[PDB]
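In this analysis, Cβ positions are derived from the backbone assuming ideal geometry, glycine residues included, and neighbour counts consider all displayed protein chains. Quick note: the coordinates plus some simple rules give every number you see, no bench work behind them.
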Amino acid sequence: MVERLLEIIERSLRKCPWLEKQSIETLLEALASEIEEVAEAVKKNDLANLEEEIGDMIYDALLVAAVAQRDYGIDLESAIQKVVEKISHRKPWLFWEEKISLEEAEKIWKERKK
Amino acid sequence: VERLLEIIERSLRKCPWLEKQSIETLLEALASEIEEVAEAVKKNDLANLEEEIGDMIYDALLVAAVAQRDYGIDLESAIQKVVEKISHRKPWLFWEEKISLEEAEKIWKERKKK
Ligand SMILES: [Mg+2]
Ligand SMILES: [Mg+2]
Ligand SMILES: [Mg+2]
Ligand SMILES: [Mg+2]
């Protein structure tokens, strides 16, 4: 439940004395760390742990978002609506009925990029 | 927030590039965005930070998407594991009055044992 997680993150901005002391840098490293926990769990086909680390990973990315807002005034809805513009623009086939071949998709993508 | 998960779902459905990506490859894509974030922070480049923050949430969520695709992992249960974990480790987030760093850590230290 994503909302529950964003509420959590809101409560941490407002209340948490550990979070107050963390820089985006530090959080960035926390995130690179969970990425490693995820890679290890995939390696072991450890499904219960994979599920744990996926959650850890999303939380930690979202804590980087939070402090980007805290410290740099980055709005997450803006940051999100932006990446959605980019994707939609680059990969227009996402909104097209018939699937298209990898080669078709790339030729498009090569051109969108620029 | 939601248009982004619809986007991701559309990629699971349609995208011939995403079919060819493994969670390892994608973990690595997230690691690289994290670098781009660290960089826009360095340079107090606000427009770019907003960019990369977005890139990072999307890519993180694409790692989640392939965890589901390839390993069966349900994002709602994964988020729920992490909501329970934090609620257990940081009970102060649901307490009215604030608490000190020193207080929060003593607690966290013990809750970590469970
Ligand atoms: Mg972590
Ligand atoms: Mg973890
Ligand atoms: Mg990327
Ligand atoms: Mg980027």
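Descriptive notes on the structure:
- Here the Gaussian network model covers chain B, with springs between Cα atoms less than 10 Å apart; of B:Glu84, B:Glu96, B:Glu39, B:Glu96 fluctuates the most.
- Neighbour counts of other Cβ atoms within 10 Å put A:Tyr59, B:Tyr71 in the fewest-to-most order B:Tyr71, A:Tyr59.
- Along the axis of the charge dipole computed for the protein assembly as shown (Cβ charges of +1 for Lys and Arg, -1 for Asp and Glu, origin at the Cα centre), the listed residues A:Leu28, B:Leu46, A:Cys16 are led at the positive end by A:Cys16.
- Tail beyond 26 Å, pair distance distribution of region A:1-108 (Cα, percent): 39
- Only one residue of A:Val84, B:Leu75, B:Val63 has its Cα farthest out toward the positive end of the dipole of the protein assembly as shown, where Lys and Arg carry +1 and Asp and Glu -1 on Cβ, and that residue is B:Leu75.
- Virtual paramagnetic centre 7 Å along Cα→Cβ of B:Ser100, amide N under 12 Å, in region A:15-38: none
- Length-normalised contact order of chain B in % [C-alpha pairs under 8 Å, at least 6 apart]: 21
- Theoretical FRET efficiency, 1/(1+(r/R0)^6), r = Cβ-Cβ of A:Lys86 and A:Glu7, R0 22 Å, to 0.05: 0.20
- As a proxy for reagent exposure, B:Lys90, B:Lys113 were ordered by neighbouring Cβ count within 10 angstrom, fewest first; the result is B:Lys113, B:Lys90.
- In this simple spin-label approximation, A:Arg112 and B:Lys42 carry label points 7 Å from Cα along the Cα→Cβ vector, and these lie 2.9 nm apart.
- For A:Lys15, the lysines whose Cα comes closer than 22 Å to its Cα, not counting residues fewer than 8 places off in the same chain, are B:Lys81, B:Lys85, B:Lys90, B:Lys98, B:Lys106, B:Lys109, B:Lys112.
- Taken about its Cα centre, the protein assembly as shown carries a charge dipole of about 200 debye when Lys and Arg each add +1 at the Cβ and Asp and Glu each add -1 at the Cβ.
- For the protein assembly as shown, the fraction of C-alpha pairs farther apart than 30 angstrom is 26 percent.
- Given charges at beta-carbon only (K, R positive; D, E negative), |dipole| of chain A in Debye: 580
- When you filter the trypsin sites (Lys or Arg not before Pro) in region B:19-92 for DSSP loop state and at most 16 other Cβ atoms inside 10 Å of their Cβ, you are left with B:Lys43.
- 12 Å beta-carbon shell around A:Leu5, net charge (K/R +1, D/E -1): -3
- Phi-derived couplings, Karplus 6.51 cos²θ - 1.76 cosθ + 1.60 at θ = phi - 60°, listed residue by residue for region B:78-84: 5, 5, 5, 3, 7, 3, 5 Hz, with x used for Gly and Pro.
- 222 nm mean residue ellipticity, helices alone, for the protein assembly as shown (DSSP H n ≥ 4; -39,500 (n - 2.57); rounded to 500): -26000 deg cm²/dmol
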